[PDB]
Amino acid sequence: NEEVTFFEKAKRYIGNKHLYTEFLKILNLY
Amino acid sequence: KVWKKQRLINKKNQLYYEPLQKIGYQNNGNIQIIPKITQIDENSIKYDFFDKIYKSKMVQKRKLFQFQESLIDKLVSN
Amino acid sequence: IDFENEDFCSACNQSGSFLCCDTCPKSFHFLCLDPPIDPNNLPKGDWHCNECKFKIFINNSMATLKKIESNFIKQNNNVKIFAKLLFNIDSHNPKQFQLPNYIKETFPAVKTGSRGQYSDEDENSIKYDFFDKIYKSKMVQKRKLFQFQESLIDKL
Amino acid sequence: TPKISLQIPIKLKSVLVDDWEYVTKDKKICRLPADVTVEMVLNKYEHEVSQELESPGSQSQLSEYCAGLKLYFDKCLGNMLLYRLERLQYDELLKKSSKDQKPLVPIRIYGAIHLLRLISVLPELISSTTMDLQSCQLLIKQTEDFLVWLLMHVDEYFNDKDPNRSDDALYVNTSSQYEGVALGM
Amino acid sequence: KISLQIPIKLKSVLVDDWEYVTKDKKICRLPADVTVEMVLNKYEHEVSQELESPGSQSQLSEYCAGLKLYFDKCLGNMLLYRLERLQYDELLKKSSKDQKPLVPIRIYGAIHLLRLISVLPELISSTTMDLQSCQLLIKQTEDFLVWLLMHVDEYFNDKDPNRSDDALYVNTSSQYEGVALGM
Ligand SMILES: [Zn+2]
Ligand SMILES: [Zn+2]
């Protein structure tokens with residue numbers, strides 16, 4: 001319900017695509 | 001322990017794999033994110049993150065629950 | 001050059017009234033197809049089994065093979081675990097149900113032969129979080145009930 | 001790719017040998033339709049397990065595997081699941097459904113014994129495919145726990161209680177039709 | 001020309017070693033815990049039980065003995081970087097002092113054997129061997145390489161000399177770097 005909103009908020013706030021990719025790589029490593 | 005990151009073996013010998021199962025594959029810290037290197041997508045990362053934190057949450061909570069209830073039966077034992 | 005026709009219906013490896021392909025040597029029954037075709041509803045022109053259809057569809061190129069199997073496993077992205085098994089039946093040939101030998105090694109009370117006969121001797125994520133949190137709420141209430149069960153036994 | 005093995009309970013293997021010996025010697029065939037088709041069986045299964053697994057990945061996997069077994073069972077019926085004898089039942093009902101203005105989907109007629117057939121077909125079907133180690137291992141483990149739950153409830157649908165009643169024991173003896181056209185009349 | 005196939009994991013091991021002895025200024029920890037003699041003895045003693053025919057065993061033993069002799073005779077000549085020749089000189093000194101000659105197979109580990117292997121094709125193509133004998137040597141070396149790749153997790157760990165201890169590499173002081181490189 002709200003976690004979809006969390007991931008969309010992160011995708012919006014990062015603003016870029018390479019930065020969002022690096023963010024997803026950090027999340028995968030964890 | 002040490003690295004989860006390989007070296008870049010180019011020369012067009014770097015072969016990719018797209019696993020047929022999405023929500024459990026581990027394979028390395030050596031992924032590549034698509035819309036040996038594992039090809040993974042944002043949806044599987046989402047699911048894996050949420051799954052890991054949810055199950056770790058509930059496991060640590062049941063551990064504290066069992067510890068505290070054992071504490072109560074040990075203290076009322078006196 | 002015309003090849004020879006195999007007199008056995010490899011679906012059960014038994015002879016009878018059957019028909020064969022124009023490029024493949026082995027023959028099969030009328031009703032042994034999918035869909036099972038009538039003895040009189042013969043197809044118009046040249047008919048092949050899964051094998052020669054596979055051959056003239058692939059253009060004997062592994063590139064086309066992996067291409068259509070890739071966009072196929074991308075088609076079935078909702079059942080992705082079963083996609084590799086799914087792609088095989090649209091080109092595999094039917095044959096009667098025979099469980100492998102690994103199963104019946106437990107009982108000597110059964111006898112078989114070459115006859116094949118037996119004789120007696122997205123909103124998806126929202127729904128998943130829905131289920132996750134409802135079950136965790138269930139179990140946390142039932143775990144405070146666990147400790148309260150311990151306390152009520154302590155009321156002894 | 002690998003050489004995989006699926007730990008199946010021996011009692012259900014005995015039930016399968018009994019199925020084939022009921023359909024081979026006296027050649028009694030199952031009834032169409034069944035009690036409640038494999039759609040209803042898998043729906044019961046997913047209704048039981050979905051309310052007891054917490055994480056979202058596990059339940060996504062469960063839904064995906066149930067749907068996948070559903071469709072794979074409906075496709076592979078006429079190719080490798082049913083025997084040479086009830087092929088006539090299959091083709092006659094297929095011509096019926098072709099006259100019925102829409103194609104037949106076998107998920108609406110058959111029952112659990114065909115699901116057991118597919119479960120026993122699964123191991124070598126997987127071993128003959130190029131699926132990797134972890135993926136095929138997850139799949140065989142899923143099907144393992146599934147037929148374990150099957151073992152949990154062999155009473156409801158597999159054990160034929162009141163066998164003397166023809167409508168309750170889904171095994172029906174054929175008339176002269178398939179006794180003839182089975183072995184070549 | 002001769003061609004040898006090395007697994008890419010061992011190629012990355014060699015590139016890592018080239019990175020350490022060069023702009024990280026690290027040397028190896030000597031005497032190693034697993035030396036060349038120990039690796040080759042374990043390999044031969046494990047493989048000699050594999051194939052039955054006596055000819056395979058004769059060829060295996062001859063290859064291992066020749067590899068030992070050749071590493072002994074080649075290490076100081078061609079197998080050392082420029083930073084690691086002061087270490088070689090100090091070992092030579094502390095050996096000659098104790099009236100004992102230096103025997104490199106009982107000191108140096110598996111990374112120097114890997115260096116020798118990698119450089120073998122040029123040394124082979126510089127001699128006047130047969131062609132059958134070159135291909136026999138290359139076959140034996142490729143078999144040794146696959147055996148060693150099966151054990152790579154046992155001889156080539158990463159342990160950060162700077163962090164805990166007993167890694168396969170050690171840091172050098174500024175006196176060692178001053179006398180070794182800039183002298
Ligand atoms: Zn046939
Ligand atoms: Zn054909």
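Report follows, based on the coordinates.

1. As for the overall build of chain E
So, point 1. Summing up its helical and strand segments, chain E has 7 helices and 2 strands in all.
So, point 2. When its helices and strands are written in sequence order, chain E yields α-β-α-α-α-α-α-β-α.
So, point 3. Relative to its length of 183 residues, chain E is compact, with a C-alpha radius of gyration of 17 Å against a globular reference of 16 Å.
So, point 4. Residues counted as buried form 41% of the 183 residues belonging to chain E.
So, point 5. A sequence separation of at least 24 residues applies to 81% of the contacts in chain E between residues at least 6 apart.

2. Let's talk about the nonpolar core
So, point 1. Ranked by size, the top nonpolar core spans 74 residues in total, and within it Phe 82 of chain C together with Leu 42, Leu 69, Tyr 72, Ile 126, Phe 146 and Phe 158 of chain D carry the most contacts.
So, point 2. Among the elements that take part in this core, helix α6 (residues 112-127) of chain D stands out by supplying 10 residues, more than any other.
So, point 3. Residue contacts for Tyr 72 of chain D: discarding those within four places in its chain leaves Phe 82, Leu 85, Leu 86 and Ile 89 of chain C together with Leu 118 and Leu 125 of chain D.
So, point 4. With 49 residues, the next largest nonpolar core counts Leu 40, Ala 110, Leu 120 and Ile 124 of chain E among its residues.

3. Structural notes on the pattern of salt bridges
So, point 1. Evaluated as defined, the whole model comprises 20 salt bridges over all chains.
So, point 2. Put simply, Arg 117 of chain D and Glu 86 of chain D hold a salt bridge, and the shortest N to O gap is 4.0 Å. Residue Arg 117 of chain D is found in helix α6, and its partner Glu 86 of chain D is found in the loop between α4 (77-81) and α5 (87-99); the two are separated by 31 residues along the sequence.
So, point 3. Between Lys 96 of chain D and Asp 100 of chain D there is a salt bridge, with the nearest N and O atoms lying 4.0 Å from each other.
So, point 4. Put simply, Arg 7 of chain B together with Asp 16 and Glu 19 of chain E are held in one network by salt bridges that share partners.

4. Focus: the interface of chain C and chain B
So, point 1. At the junction of the two partners, chain C supplies 20 residues and chain B supplies 16 residues.
So, point 2. Buried area between chain C and chain B, both sides added, is near 1700 Å², and the carbon and sulfur share of it is 59%.
So, point 3. When the buried area of chain C at its contact with chain B is split by residue, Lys 80, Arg 143 and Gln 147 of chain C rank highest and sum to 35% of it.
So, point 4. The partner of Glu 18 of chain B in a salt bridge is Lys 80 of chain C, and the shortest N-O contact between them spans 3.3 Å.
So, point 5. Linking chain C with chain B are 2 residue pairs in polar contact.
So, point 6. Sort the elements by how many residues they give to the side of chain C that touches chain B and helix α4 (residues 123-154) of chain C lands first, with 15 residues.
So, point 7. Looking at the side of chain C that touches chain B, its residues break down into 7 nonpolar, 4 polar and 9 charged.

5. Section: the interface of chain D and chain C
So, point 1. Across the contact, 50 residues belong to chain D and 45 residues belong to chain C.
So, point 2. Taken together, the two surfaces of chain D and chain C that pack against each other cover about 4400 Å², and 67% of this comes from carbon and sulfur.
So, point 3. Scanning the region where chain D abuts chain C turns up 2 salt bridges.
So, point 4. Across the salt bridge formed by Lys 138 of chain C and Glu 52 of chain D, the nearest N and O atoms sit 3.9 Å from each other.
So, point 5. At the level of secondary structure, the elements contributing two or more residues to the side of chain D that touches chain C comprise α1 (10-24), α3 (56-75), α4, α5 and α6 of chain D.
So, point 6. Among the elements that line the side of chain D that touches chain C, the one with the most residues is α3 of chain D, at 10 residues.
So, point 7. Residues belonging to the side of chain D that touches chain C are distributed by class as follows: 24 nonpolar, 13 polar and 13 charged.

6. Examining unusual backbone geometry
So, point 1. Omega for the peptide link from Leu 32 of chain D to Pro 33 of chain D comes to 0 degrees, which places this bond in the cis form.
So, point 2. Among the structural elements, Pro 33 of chain D can be located in the loop between β1 (28-30) and α2 (38-49).
So, point 3. The omega torsion across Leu 30 of chain E and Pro 31 of chain E is -5 degrees, close enough to zero to call that bond cis.
So, point 4. Structurally, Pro 31 of chain E can be placed in the loop between β1 (26-28) and α2 (36-47).
So, point 5. For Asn 27 of chain B, which is not a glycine, the phi torsion comes out positive at approximately 70 degrees.
So, point 6. Its relative accessible area of 31% is what places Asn 27 of chain B among the partly exposed residues.
So, point 7. Positive phi values are uncommon outside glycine, yet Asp 166 of chain E reaches one of about 50 degrees.
So, point 8. With respect to the helices, strands and loops of the structure, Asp 166 of chain E is situated in the loop between α6 (132-155) and β2 (169-171).

7. Thoughts on the sheet that holds strand β3 (residues 37-40) of chain B
Residues and elements named next belong to chain B.
So, point 1. Sheet architecture is open: 3 strands sit in the order β1-β3-β2, paired in parallel fashion. The sheet is open, and its two borders are formed by β1 (16-17) and β2 (31-33), each paired with just one other strand.
So, point 2. Bridge count for β2 against β3 is 3 bridges, and the pairing is parallel. In the sheet register, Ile 33 faces β3, and the bridge partner there is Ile 40.

8. So, the arrangement of the chains
So, point 1. Most contacts, compared over the 6 pairs of chains touching, are made between chains C and D.
So, point 2. Between chain D and chain E there is no contact, and the shortest C-alpha to C-alpha distance separating them is 19 Å.

Parameters at a glance
- Residues numbered from 1 in each chain as written, not as in the entry; some residues may be left out.
- Chains lettered and ligands numbered in written order.
- Part of a larger assembly, values for the part shown.
- Heavy atoms only, no water.
- Helix = DSSP H or I, 4+ residues; strand = E, 2+ residues; numbered from the N terminus.
- Rg over C-alpha atoms; globule rule 2.2 N^0.38 Å.
- Buried < 20%, exposed > 50% of the residue type's maximum accessible area, 1.4 Å probe, protein only.
- Contact = heavy atoms within 4.5 Å.
- Core = buried A, V, L, I, M, F, W, Y, C linked by side-chain atoms within 4.5 Å.
- Salt bridge = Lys/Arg side-chain N within 4 Å of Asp/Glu carboxyl O.
- Buried area = accessible area lost by both parts, 1.4 Å probe.
- Polar contact = N/O pair within 3.5 Å; in protein donor to acceptor, adjacent residues only side chain to side chain.
- Nonpolar A, V, L, I, M, F, W, Y, C, P; charged D, E, K, R; others polar.
- Pairing = 2+ DSSP bridges.

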